[PDB]
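First comes the structure, then the notes that go with it.
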Amino acid sequence: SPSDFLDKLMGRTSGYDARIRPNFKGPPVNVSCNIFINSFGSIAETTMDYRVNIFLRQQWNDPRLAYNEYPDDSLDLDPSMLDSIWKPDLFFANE
Amino acid sequence: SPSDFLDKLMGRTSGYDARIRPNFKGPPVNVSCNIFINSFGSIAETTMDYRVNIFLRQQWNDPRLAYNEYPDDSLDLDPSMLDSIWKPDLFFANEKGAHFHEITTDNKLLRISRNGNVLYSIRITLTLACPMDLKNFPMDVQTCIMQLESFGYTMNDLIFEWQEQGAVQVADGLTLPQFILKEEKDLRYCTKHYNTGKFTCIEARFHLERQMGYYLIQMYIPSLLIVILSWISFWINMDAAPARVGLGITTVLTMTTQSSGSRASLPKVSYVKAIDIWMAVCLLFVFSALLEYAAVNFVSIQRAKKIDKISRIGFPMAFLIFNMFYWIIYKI
Amino acid sequence: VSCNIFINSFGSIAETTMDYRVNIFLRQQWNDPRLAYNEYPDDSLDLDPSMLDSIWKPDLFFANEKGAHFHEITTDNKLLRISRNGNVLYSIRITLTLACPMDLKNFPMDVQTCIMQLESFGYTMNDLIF
Amino acid sequence: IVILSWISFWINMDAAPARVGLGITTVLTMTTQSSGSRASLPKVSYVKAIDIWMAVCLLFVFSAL
Amino acid sequence: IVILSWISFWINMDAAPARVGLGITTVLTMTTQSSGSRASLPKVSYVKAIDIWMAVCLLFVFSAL
Amino acid sequence: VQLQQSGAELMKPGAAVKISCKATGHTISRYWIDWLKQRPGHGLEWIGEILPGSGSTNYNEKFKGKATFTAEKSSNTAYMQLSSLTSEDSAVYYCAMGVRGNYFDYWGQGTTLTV
Amino acid sequence: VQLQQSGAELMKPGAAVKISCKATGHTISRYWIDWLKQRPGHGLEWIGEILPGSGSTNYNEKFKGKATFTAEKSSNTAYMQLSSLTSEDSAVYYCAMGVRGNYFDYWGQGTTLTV
Amino acid sequence: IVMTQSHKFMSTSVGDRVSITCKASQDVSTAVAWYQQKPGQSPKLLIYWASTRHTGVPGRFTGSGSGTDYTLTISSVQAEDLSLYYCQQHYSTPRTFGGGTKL
Amino acid sequence: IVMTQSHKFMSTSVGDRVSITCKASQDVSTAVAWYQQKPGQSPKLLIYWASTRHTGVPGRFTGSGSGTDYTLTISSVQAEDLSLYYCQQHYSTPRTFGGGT
Ligand SMILES: *[C@@H]1O[C@H](CO)[C@@H](O)[C@H](O)[C@H]1NC(C)=O
Ligand SMILES: *[C@@H]1O[C@H](CO)[C@@H](O)[C@H](O)[C@H]1NC(C)=O
Ligand SMILES: *[C@@H]1O[C@H](CO)[C@@H](O)[C@H](O)[C@H]1NC(C)=O
């Protein structure tokens, strides 16, 4: 079941924790990532800034999420369950 | 029971999931949708945007919501239970800042039909930024747009469409300063392809026929009045050597005061406009007045009357040659 | 819904922005007849000003509101009074920036009927009347 | 400034560099009055009653020289 | 306005109240140009290239009288 | 504020005709316009609905594919076009406008059509 | 809006050649570009994909290390470079552009290559 | 959605009590409308939502009824009252009218 | 993921009912397309998402089928209506076509 798919991924029966980085007690996580700019510009003279609109692609490996139930390779998910999984802590210096 | 009605719809005993698109493991979802504008307008020059208030109707099918309990066809629901059901992930490309409206209630309509079709409506205030071509700014037709776009789903999951009949609605009485909203509206298919993949897009085309009623009296009339004010330089006595010098220099400063009093809300854009070259050619004509007389001052008797004979009659006939030339080209 | 407004700071009419920032209270009354009680004999009875999200509420908004918000200063500024039979007195505080389309043919001698428009959204006219 | 334009029509006729210093500065002053009249004012297409008083006062000081 | 200062050096030598009305107004105009050049500009310590062009154009119209 | 109609017509069976409804007072795309069928002997019978800004309709179950609802924003005029006239269709029609609900309070004047 | 290709070529086994795809109408980095292999006797066979702004690809499992995808933004031209030509590789190629999904609706004209 | 009245005609005299017993299919709402059509002119609203009245209404006509029964009660009959009557449900998408009753 | 047709040639009389069955490997979706290729020129879209049409195809070309069966149905055959026929699946990453007709 697609409901039972996320039951093995996340939730109670899964035992997943989102508070732990992937590859714990071992290697770090390298992040291949790039930006998808939308409205770059509005460079200010006095305020000395510019308002930019971007998308932020990033990729990593979370190797504790193996599955053999559904044979789909690429698989989108719910865009609100991302707080139930691990996330990088990136920010911008002069944001 | 009406409490037991939602118990079979949503909640514990239902087994509904809101995290799954309708028609899963199969067809995508086409979305017939249109906007209900409320306060379109406030087009900014420097900021290059406009603050619009819309309602957003959209319709789709969620076929796992069949019921035979209550025989009502159209049935409104609680406007706060919409987070407990599936929702499209639309946003706007140039939205530049947007938010909901939780004033006294989530202003979020949710109507479910008998079979599973869902009528949906929410209220969104935008500040959409349009890249505006301003080669002829007082006579421009600016197609300022919005772009609906799905983000968390590709084109094998969700499709945006318009309505087959009446795919845009304009609330009446929406009259604007410097603008009229043109009635015919192009509704075409944009499409976004990202590195994640194929994304569905739909967009509207709002042609802004600008009303030039502001810049005529405010800008054109002070540009018109000072040019013909330069003509009385060429009629006074020739012994008015400290008097004629007090006319052209102050009025070219006045046109400089006109030029400095013409770019306040104007943006800082590279290419030239049509509004500024009228200011510059009116600046050049009032610039043209005294070096005529400075060419007289090297000559200065009837020989100086000959070079004024070109200027006393021929030069006040030398202004309408450009005014007719102006309105022909950049009127489209 | 019998209702009226209790204005506090009307004014700040803007010329360019074409709006005005008003501070109001919003009284409204209706009947919720499934709230009958014979336990306590008090007729008028105030309640907790934060339990209003646990009961039904009208879905009113303003048409040209142009930006609005609640006031949670030290308490949800949200009155809730329930009568004996089931009639509900209700009052909340809303700051608006209502935009009026102003006819300015004679601007120093104008009489500008600047308006607000209450409106229900999540219910049709077979469910709610203002 | 409109009644200030009336003293142009009373001075000596040999005041040819003097009368020229009155009307041009005051029509610049009414232009300074007109530019000092539209700060908080919106940008609306149709004409008002406040601006045509400025324009007819601009035309009367324009009428002097 | 810089090439506008050149017509000071061509008029009659008996134009003593006339030549004085050219350079002082135009250096005020370049001051009006300089004051009409720093609106959105920040307040930074070091010198630019945009402002020294304004200053050398201010000095050339200063150089006339 | 009251609506207005044009002159009544007369057609043959199997034909098709449009019924106009001129609006005086406001912009007709703001409010709804409904239609009622008054066949004599029997009574009144609602047809449908049109918001003239949208043209979105809800035709009746007995009147599926019966009427065609268009609008004229250039002169504030609502249009109802029929098709396949039979002897069951000789009736009196009305363009009404009911504001505070599905009932009817504003009207035109009535148009009688005979097949 | 239709794509365009250059003249067809002819090579020897074991060689390598690039196939160009000139774009007329827009900027080709906006949309995808796909490639299809039409060997006669058999049918069509998709190769890969390229967003010309990124160059991000998804080559086929049978075509792992088969094609090389580059782009020319100076004249809106997409490039497909091959390697290690064999007798299984004499085919007809296409630069297509399928907008509303993984299928194909816009095309060029076709280029036949023989090993 | 089937409406059911009682009679097309009821014989009475001027200044009497007369009521109309309309009945709907199921319990739609209290959304009950009453239309009076004089001969030669249009049908005019009398009562909407089974209790309220029009602007410029005849004030001597009352409405009542709830559930599966609804009634246009007329306790005062005058000379201009000789006309037709209709009931209505408007709590659904079809606007199904009643049987009709001329006085 | 292999699209599997039934025949390599389908010729009949003019104006017949012809149905082209093409089975996929697994139940991918109703993402089923149909491609017609005239000789001497390029292929062309017929159906996408198993029910719709390309812009400019007047009538007589419909699609149906779901699950493990999908069908291109042509009830009105004309003179130009015999050429290369192909099924398609586009609910996965490998864009794999069918047998061909
Ligand atoms: C990240 O680390 C993995 C671990 O070996 C490596 O294979 C990969 O090339 C690295 N770089 C990426 C994903 O850009
Ligand atoms: C959406 O898809 C369904 C599925 O067949 C179709 O019937 C409908 O016409 C489509 N378009 C809409 C709802 O605008
Ligand atoms: C609201 O409806 C009730 C129901 O009969 C009525 O008694 C009352 O007068 C109405 N108006 C109000 C409360 O203003």
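Identifiers for the structure tokens are assigned positionally: chains receive A, B, ... in sequence, residues are indexed from 1 per chain, and ligands are indexed from 1 in the order shown.
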Which neighbours of residue C:21 fall inside 7 Å, counting only C-alpha atoms, when residues of the same chain fewer than 3 positions from it are skipped, and could you give them as an mmCIF file with C-alpha atoms, in the first residue's frame?
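What follows is the written file part_1.cif:
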```
data_model
loop_
_atom_site.group_PDB
_atom_site.id
_atom_site.type_symbol
_atom_site.label_atom_id
_atom_site.label_comp_id
_atom_site.auth_asym_id
_atom_site.auth_seq_id
_atom_site.Cartn_x
_atom_site.Cartn_y
_atom_site.Cartn_z
ATOM 1 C CA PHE C 10 -10.457 56.376 12.016
ATOM 2 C CA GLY C 11 -8.378 58.464 9.658
ATOM 3 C CA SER C 12 -4.916 58.779 8.083
ATOM 4 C CA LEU C 96 -7.493 47.869 8.549
ATOM 5 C CA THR C 97 -5.965 49.911 5.726
ATOM 6 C CA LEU C 98 -9.125 50.130 3.588
#
```
Can you pull out every residue within 7 Å of residue C:69, counting only C-alpha atoms, but drop anything in the same chain fewer than 2 positions away, and send it as a ChimeraX atom specification?
/B:103 /C:71,94-95
Saved selection, atoms kept: N, CA and C atoms, as a compact mmCIF listing (two decimals), in the first residue's frame:
```txt
# COMPACT_ATOMS: atom_id res chain seq x y z
N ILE B 103 -8.15 36.42 8.15
CA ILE B 103 -8.95 37.43 8.84
C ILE B 103 -10.28 36.80 9.22
N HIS C 71 -5.01 41.11 16.97
CA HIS C 71 -4.27 41.78 18.03
C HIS C 71 -4.19 40.82 19.21
N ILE C 94 -9.81 44.79 15.04
CA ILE C 94 -9.16 44.64 13.74
C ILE C 94 -8.65 46.01 13.30
N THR C 95 -7.38 46.07 12.91
CA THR C 95 -6.81 47.23 12.24
C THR C 95 -6.83 47.00 10.74
```
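Of the listed residues G:1, G:17, G:67, G:10, the one whose atoms come nearest to residue G:112 is G:10, with distances taken using only C-alpha atoms.
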Please check which protein, DNA or RNA residues sit within 10 Å of ligand 1, counting only C-alpha atoms and all ligand atoms, and write them as a list in words.
residues 27, 28, 29, 30, 31, 32, 33, 59, 60 and 61 of chain A
Any chance you could fit chain D onto chain E with least squares, all Cα atoms in order, and share the moved copy as a CSV table (one decimal) with N, CA, C and O atoms, in the first residue's frame?
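Saved file result_2.csv follows:
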```csv
chain,number,residue,atom,x,y,z
D,1,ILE,N,26.3,72.0,-20.2
D,1,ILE,CA,26.5,73.3,-19.5
D,1,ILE,C,27.9,73.7,-19.6
D,1,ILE,O,28.2,74.9,-19.5
D,2,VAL,N,28.9,72.8,-19.8
D,2,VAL,CA,30.3,73.2,-20.0
D,2,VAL,C,30.5,74.0,-21.3
D,2,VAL,O,31.1,75.1,-21.3
D,3,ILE,N,29.9,73.5,-22.4
D,3,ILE,CA,30.0,74.2,-23.7
D,3,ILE,C,29.1,75.4,-23.7
D,3,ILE,O,29.3,76.3,-24.5
D,4,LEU,N,28.1,75.4,-22.8
D,4,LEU,CA,27.3,76.6,-22.6
D,4,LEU,C,28.1,77.8,-22.0
D,4,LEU,O,27.8,78.9,-22.2
D,5,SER,N,29.2,77.5,-21.3
D,5,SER,CA,30.1,78.5,-20.8
D,5,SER,C,30.9,79.2,-21.8
D,5,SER,O,31.5,80.2,-21.5
D,6,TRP,N,31.0,78.6,-23.0
D,6,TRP,CA,31.9,79.2,-24.0
D,6,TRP,C,31.4,80.4,-24.7
D,6,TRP,O,32.2,81.2,-25.2
D,7,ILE,N,30.1,80.6,-24.7
D,7,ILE,CA,29.5,81.8,-25.3
D,7,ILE,C,29.6,83.0,-24.4
D,7,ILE,O,29.2,84.1,-24.9
D,8,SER,N,30.1,82.8,-23.2
D,8,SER,CA,30.6,84.0,-22.4
D,8,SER,C,31.7,84.7,-23.1
D,8,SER,O,31.9,85.9,-22.9
D,9,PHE,N,32.6,84.0,-23.8
D,9,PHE,CA,33.8,84.5,-24.4
D,9,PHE,C,33.6,85.0,-25.8
D,9,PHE,O,34.6,85.1,-26.5
D,10,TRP,N,32.4,85.4,-26.2
D,10,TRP,CA,32.2,85.8,-27.6
D,10,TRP,C,31.3,87.1,-27.7
D,10,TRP,O,31.3,87.7,-28.7
D,11,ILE,N,30.7,87.5,-26.6
D,11,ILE,CA,29.7,88.6,-26.6
D,11,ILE,C,30.5,89.9,-26.5
D,11,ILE,O,31.7,89.9,-26.3
D,12,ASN,N,29.8,91.0,-26.7
D,12,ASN,CA,30.4,92.4,-26.6
D,12,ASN,C,31.0,92.7,-25.3
D,12,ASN,O,30.6,92.2,-24.2
D,13,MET,N,32.0,93.5,-25.3
D,13,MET,CA,32.7,93.9,-24.1
D,13,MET,C,31.9,94.9,-23.2
D,13,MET,O,32.3,95.1,-22.1
D,14,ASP,N,30.9,95.5,-23.8
D,14,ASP,CA,30.0,96.4,-23.1
D,14,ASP,C,28.9,95.7,-22.5
D,14,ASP,O,27.9,96.3,-22.0
D,15,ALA,N,28.9,94.3,-22.5
D,15,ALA,CA,27.9,93.5,-21.9
D,15,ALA,C,28.3,93.1,-20.5
D,15,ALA,O,28.4,92.0,-20.1
D,16,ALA,N,28.5,94.2,-19.7
D,16,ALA,CA,28.9,94.0,-18.3
D,16,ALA,C,27.8,93.5,-17.3
D,16,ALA,O,28.1,92.7,-16.4
D,17,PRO,N,26.6,94.0,-17.4
D,17,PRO,CA,25.5,93.3,-16.7
D,17,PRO,C,24.9,92.1,-17.4
D,17,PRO,O,24.1,91.4,-16.8
D,18,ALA,N,25.4,91.7,-18.6
D,18,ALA,CA,24.9,90.6,-19.3
D,18,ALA,C,25.7,89.3,-19.1
D,18,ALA,O,25.2,88.2,-18.9
D,19,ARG,N,27.1,89.5,-19.2
D,19,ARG,CA,27.9,88.3,-19.0
D,19,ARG,C,27.9,87.8,-17.6
D,19,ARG,O,28.1,86.6,-17.4
D,20,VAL,N,27.6,88.6,-16.6
D,20,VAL,CA,27.5,88.2,-15.2
D,20,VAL,C,26.3,87.4,-15.0
D,20,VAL,O,26.2,86.6,-14.0
D,21,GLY,N,25.3,87.4,-15.9
D,21,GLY,CA,24.1,86.6,-15.7
D,21,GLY,C,24.2,85.2,-16.3
D,21,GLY,O,23.2,84.4,-16.2
D,22,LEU,N,25.3,84.9,-16.9
D,22,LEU,CA,25.5,83.6,-17.5
D,22,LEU,C,26.2,82.6,-16.6
D,22,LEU,O,25.8,81.5,-16.4
D,23,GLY,N,27.4,82.9,-16.1
D,23,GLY,CA,28.3,82.0,-15.4
D,23,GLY,C,27.7,81.6,-14.0
D,23,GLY,O,27.9,80.5,-13.6
D,24,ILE,N,27.1,82.6,-13.4
D,24,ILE,CA,26.7,82.4,-12.0
D,24,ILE,C,25.5,81.5,-11.9
D,24,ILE,O,25.3,80.7,-11.0
D,25,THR,N,24.6,81.7,-12.9
D,25,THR,CA,23.4,80.9,-13.0
D,25,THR,C,23.7,79.4,-13.4
D,25,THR,O,23.2,78.5,-12.8
D,26,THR,N,24.7,79.3,-14.3
D,26,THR,CA,25.1,78.0,-14.8
D,26,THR,C,25.9,77.2,-13.8
D,26,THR,O,25.9,76.0,-13.8
D,27,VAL,N,26.7,77.9,-13.0
D,27,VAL,CA,27.4,77.2,-11.9
D,27,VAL,C,26.4,76.9,-10.8
D,27,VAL,O,26.6,75.9,-10.1
D,28,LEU,N,25.4,77.6,-10.6
D,28,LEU,CA,24.3,77.2,-9.8
D,28,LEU,C,23.5,76.0,-10.4
D,28,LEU,O,23.0,75.1,-9.7
D,29,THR,N,23.5,76.0,-11.8
D,29,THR,CA,22.8,74.9,-12.5
D,29,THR,C,23.6,73.6,-12.3
D,29,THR,O,23.1,72.5,-12.2
D,30,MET,N,25.0,73.8,-12.4
D,30,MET,CA,25.8,72.6,-12.1
D,30,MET,C,25.8,72.2,-10.7
D,30,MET,O,26.0,71.0,-10.3
D,31,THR,N,25.6,73.2,-9.8
D,31,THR,CA,25.3,72.9,-8.4
D,31,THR,C,23.9,72.2,-8.3
D,31,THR,O,23.8,71.3,-7.5
D,32,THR,N,23.0,72.7,-9.1
D,32,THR,CA,21.7,72.0,-9.2
D,32,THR,C,21.9,70.6,-9.8
D,32,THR,O,21.2,69.6,-9.5
D,33,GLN,N,22.8,70.5,-10.8
D,33,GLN,CA,23.2,69.2,-11.3
D,33,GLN,C,23.9,68.3,-10.3
D,33,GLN,O,23.6,67.1,-10.2
D,34,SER,N,24.8,68.9,-9.5
D,34,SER,CA,25.4,68.1,-8.4
D,34,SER,C,24.5,67.7,-7.3
D,34,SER,O,24.5,66.5,-6.9
D,35,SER,N,23.6,68.6,-6.9
D,35,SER,CA,22.6,68.2,-6.0
D,35,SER,C,21.5,67.3,-6.6
D,35,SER,O,20.9,66.5,-5.9
D,36,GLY,N,21.4,67.4,-7.9
D,36,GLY,CA,20.6,66.4,-8.6
D,36,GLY,C,21.4,65.3,-9.2
D,36,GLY,O,21.1,64.8,-10.3
D,37,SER,N,22.3,64.8,-8.4
D,37,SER,CA,23.2,63.7,-8.8
D,37,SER,C,23.4,62.6,-7.7
D,37,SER,O,24.1,61.6,-8.0
D,38,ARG,N,23.0,62.9,-6.5
D,38,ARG,CA,23.4,62.1,-5.4
D,38,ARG,C,22.2,61.6,-4.6
D,38,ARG,O,22.3,61.4,-3.4
D,39,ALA,N,21.0,61.3,-5.2
D,39,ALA,CA,19.8,61.0,-4.5
D,39,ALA,C,19.8,59.6,-4.0
D,39,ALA,O,19.8,59.4,-2.8
D,40,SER,N,19.9,58.6,-4.9
D,40,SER,CA,20.0,57.2,-4.4
D,40,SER,C,21.4,56.8,-4.1
D,40,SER,O,21.6,55.7,-3.7
D,41,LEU,N,22.4,57.7,-4.2
D,41,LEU,CA,23.8,57.4,-4.0
D,41,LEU,C,24.1,57.2,-2.5
D,41,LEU,O,23.6,57.9,-1.7
D,42,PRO,N,24.9,56.2,-2.1
D,42,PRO,CA,25.3,56.0,-0.7
D,42,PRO,C,26.2,57.1,-0.3
D,42,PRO,O,26.7,57.9,-1.0
D,43,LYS,N,26.5,57.0,1.0
D,43,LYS,CA,27.4,57.9,1.7
D,43,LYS,C,28.7,57.2,2.1
D,43,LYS,O,28.8,56.7,3.2
D,44,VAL,N,29.6,57.2,1.1
D,44,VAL,CA,30.8,56.4,1.2
D,44,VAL,C,32.0,57.3,1.3
D,44,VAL,O,32.0,58.4,0.7
D,45,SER,N,33.1,56.9,2.0
D,45,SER,CA,34.2,57.7,2.2
D,45,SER,C,35.1,58.0,1.0
D,45,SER,O,35.4,59.2,0.7
D,46,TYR,N,35.4,57.0,0.2
D,46,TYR,CA,36.4,57.2,-0.9
D,46,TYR,C,35.7,57.8,-2.1
D,46,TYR,O,34.5,57.8,-2.2
D,47,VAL,N,36.5,58.4,-3.0
D,47,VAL,CA,36.0,59.1,-4.1
D,47,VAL,C,35.7,58.2,-5.2
D,47,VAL,O,36.2,57.1,-5.3
D,48,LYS,N,34.8,58.6,-6.1
D,48,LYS,CA,34.3,57.8,-7.2
D,48,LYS,C,34.9,58.4,-8.5
D,48,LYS,O,35.7,59.3,-8.5
D,49,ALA,N,34.4,57.8,-9.6
D,49,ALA,CA,34.7,58.4,-10.9
D,49,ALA,C,33.5,59.2,-11.4
D,49,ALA,O,33.7,60.1,-12.3
D,50,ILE,N,32.3,59.0,-10.9
D,50,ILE,CA,31.1,59.7,-11.4
D,50,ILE,C,31.1,61.1,-10.8
D,50,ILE,O,30.6,62.1,-11.4
D,51,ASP,N,31.7,61.3,-9.6
D,51,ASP,CA,31.6,62.6,-8.9
D,51,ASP,C,32.7,63.6,-9.3
D,51,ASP,O,32.5,64.8,-9.3
D,52,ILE,N,33.9,63.0,-9.7
D,52,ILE,CA,35.0,63.9,-10.1
D,52,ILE,C,34.7,64.5,-11.5
D,52,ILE,O,35.2,65.5,-11.8
D,53,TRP,N,33.9,63.8,-12.3
D,53,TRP,CA,33.5,64.4,-13.6
D,53,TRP,C,32.5,65.5,-13.3
D,53,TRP,O,32.5,66.5,-14.0
D,54,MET,N,31.7,65.4,-12.2
D,54,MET,CA,30.8,66.5,-11.9
D,54,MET,C,31.6,67.7,-11.3
D,54,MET,O,31.3,68.8,-11.6
D,55,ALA,N,32.7,67.4,-10.6
D,55,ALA,CA,33.4,68.5,-10.0
D,55,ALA,C,34.3,69.2,-11.0
D,55,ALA,O,34.4,70.4,-10.9
D,56,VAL,N,34.8,68.5,-12.0
D,56,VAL,CA,35.6,69.1,-13.0
D,56,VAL,C,34.7,69.9,-14.0
D,56,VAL,O,35.1,70.9,-14.5
D,57,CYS,N,33.5,69.4,-14.1
D,57,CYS,CA,32.5,70.2,-14.9
D,57,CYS,C,32.0,71.4,-14.1
D,57,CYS,O,31.6,72.4,-14.6
D,58,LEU,N,32.0,71.2,-12.7
D,58,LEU,CA,31.7,72.3,-11.9
D,58,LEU,C,32.8,73.4,-11.9
D,58,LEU,O,32.6,74.6,-11.8
D,59,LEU,N,34.1,72.9,-12.0
D,59,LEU,CA,35.2,73.9,-12.0
D,59,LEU,C,35.3,74.6,-13.3
D,59,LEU,O,35.7,75.8,-13.3
D,60,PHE,N,35.0,74.0,-14.4
D,60,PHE,CA,35.1,74.7,-15.7
D,60,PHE,C,34.0,75.8,-15.9
D,60,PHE,O,34.3,76.9,-16.4
D,61,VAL,N,32.8,75.6,-15.4
D,61,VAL,CA,31.8,76.6,-15.3
D,61,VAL,C,32.2,77.6,-14.2
D,61,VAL,O,31.8,78.8,-14.3
D,62,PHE,N,32.9,77.2,-13.2
D,62,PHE,CA,33.5,78.1,-12.2
D,62,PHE,C,34.6,79.0,-12.8
D,62,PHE,O,34.8,80.1,-12.4
D,63,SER,N,35.2,78.4,-13.9
D,63,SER,CA,36.4,79.1,-14.5
D,63,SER,C,36.0,80.3,-15.4
D,63,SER,O,36.9,81.0,-15.9
D,64,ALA,N,34.7,80.5,-15.6
D,64,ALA,CA,34.3,81.4,-16.7
D,64,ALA,C,34.4,82.9,-16.3
D,64,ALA,O,34.9,83.7,-17.1
D,65,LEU,N,33.9,83.2,-15.1
D,65,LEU,CA,33.7,84.6,-14.8
D,65,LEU,C,35.0,85.3,-14.2
D,65,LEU,O,35.1,86.5,-14.4
```
One number please: atom CA of residue H:23 to atom CA of residue H:74, in Å, one decimal.
17.3 Å
Within 10 Å of chain I, which residues belong to chain G? Use only C-alpha atoms and report them as an NGL selection string.
:G and (36 or 42-48 or 58-62 or 94 or 100-110)
Residues from last step as file, N, CA, C and O atoms, as a short mmCIF file (atom, residue, chain, number, x, y, z; two decimals), in the first residue's frame:
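again.cif, freshly written:
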```cif
data_model
loop_
_atom_site.label_atom_id
_atom_site.label_comp_id
_atom_site.auth_asym_id
_atom_site.auth_seq_id
_atom_site.Cartn_x
_atom_site.Cartn_y
_atom_site.Cartn_z
N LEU G 36 16.85 10.27 -30.66
CA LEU G 36 16.22 9.00 -31.00
C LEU G 36 17.00 8.31 -32.11
O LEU G 36 17.44 8.96 -33.07
N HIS G 42 14.69 -2.32 -37.85
CA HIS G 42 14.13 -2.07 -36.53
C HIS G 42 13.46 -0.69 -36.53
O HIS G 42 13.23 -0.10 -37.58
N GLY G 43 13.15 -0.18 -35.35
CA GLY G 43 12.46 1.10 -35.27
C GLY G 43 13.23 2.20 -34.58
O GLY G 43 14.46 2.25 -34.63
N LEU G 44 12.50 3.10 -33.92
CA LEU G 44 13.10 4.21 -33.21
C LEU G 44 13.57 3.76 -31.83
O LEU G 44 13.10 2.76 -31.29
N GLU G 45 14.50 4.53 -31.26
CA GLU G 45 15.11 4.16 -29.98
C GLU G 45 15.68 5.42 -29.33
O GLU G 45 16.64 6.00 -29.85
N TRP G 46 15.10 5.82 -28.20
CA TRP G 46 15.54 7.02 -27.50
C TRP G 46 16.94 6.85 -26.93
O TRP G 46 17.31 5.78 -26.45
N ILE G 47 17.72 7.93 -26.97
CA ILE G 47 19.09 7.90 -26.50
C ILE G 47 19.20 8.57 -25.14
O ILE G 47 19.52 7.92 -24.14
N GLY G 48 18.91 9.86 -25.08
CA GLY G 48 19.18 10.61 -23.88
C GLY G 48 18.44 11.93 -23.83
O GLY G 48 17.47 12.15 -24.56
N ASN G 58 20.46 12.12 -18.66
CA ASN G 58 20.09 10.78 -18.20
C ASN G 58 20.26 9.85 -19.40
O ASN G 58 19.32 9.65 -20.18
N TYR G 59 21.45 9.28 -19.53
CA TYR G 59 21.71 8.35 -20.62
C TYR G 59 21.06 7.00 -20.34
O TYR G 59 20.78 6.64 -19.20
N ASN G 60 20.81 6.26 -21.41
CA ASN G 60 20.09 5.00 -21.33
C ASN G 60 20.99 3.90 -20.77
O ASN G 60 22.22 4.00 -20.81
N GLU G 61 20.36 2.85 -20.23
CA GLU G 61 21.12 1.72 -19.70
C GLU G 61 21.83 0.95 -20.80
O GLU G 61 22.98 0.52 -20.63
N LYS G 62 21.16 0.75 -21.93
CA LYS G 62 21.81 0.15 -23.09
C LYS G 62 22.82 1.11 -23.71
O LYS G 62 23.78 0.66 -24.34
N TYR G 94 17.50 11.95 -34.64
CA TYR G 94 16.54 13.03 -34.54
C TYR G 94 16.81 13.83 -33.27
O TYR G 94 17.03 13.25 -32.21
N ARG G 100 4.97 19.05 -23.27
CA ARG G 100 4.06 18.71 -22.17
C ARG G 100 4.19 17.26 -21.73
O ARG G 100 3.20 16.56 -21.57
N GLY G 101 5.42 16.81 -21.48
CA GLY G 101 5.62 15.46 -21.00
C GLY G 101 6.79 14.76 -21.65
O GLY G 101 7.57 15.37 -22.39
N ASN G 102 6.92 13.46 -21.38
CA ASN G 102 8.02 12.66 -21.90
C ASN G 102 7.83 12.26 -23.36
O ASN G 102 8.76 11.70 -23.95
N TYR G 103 6.68 12.54 -23.96
CA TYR G 103 6.44 12.19 -25.36
C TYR G 103 7.08 13.25 -26.27
O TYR G 103 7.82 14.12 -25.82
N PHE G 104 6.78 13.18 -27.56
CA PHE G 104 7.50 13.99 -28.54
C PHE G 104 6.53 14.67 -29.49
O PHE G 104 5.69 14.00 -30.10
N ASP G 105 6.64 16.00 -29.61
CA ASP G 105 5.79 16.74 -30.55
C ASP G 105 6.54 17.70 -31.48
O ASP G 105 6.09 17.88 -32.62
N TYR G 106 7.64 18.31 -31.07
CA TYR G 106 8.43 19.15 -31.96
C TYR G 106 9.67 18.39 -32.41
O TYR G 106 10.21 17.56 -31.68
N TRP G 107 10.13 18.69 -33.63
CA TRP G 107 11.17 17.90 -34.27
C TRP G 107 12.11 18.81 -35.05
O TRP G 107 11.96 20.03 -35.08
N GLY G 108 13.10 18.18 -35.68
CA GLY G 108 13.94 18.82 -36.67
C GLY G 108 13.57 18.35 -38.06
O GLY G 108 12.45 18.60 -38.52
N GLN G 109 14.49 17.68 -38.75
CA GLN G 109 14.13 17.02 -40.00
C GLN G 109 14.71 15.62 -40.16
O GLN G 109 14.23 14.89 -41.02
N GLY G 110 15.70 15.23 -39.38
CA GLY G 110 16.24 13.89 -39.51
C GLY G 110 17.62 13.89 -40.16
O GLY G 110 17.90 14.69 -41.06
#
```
Return as a ChimeraX atom specification the full set of residues in stretch 13-54 of chain E whose backbone-based DSSP assignment is alpha helix (DSSP H).
/E:20-35,50-54
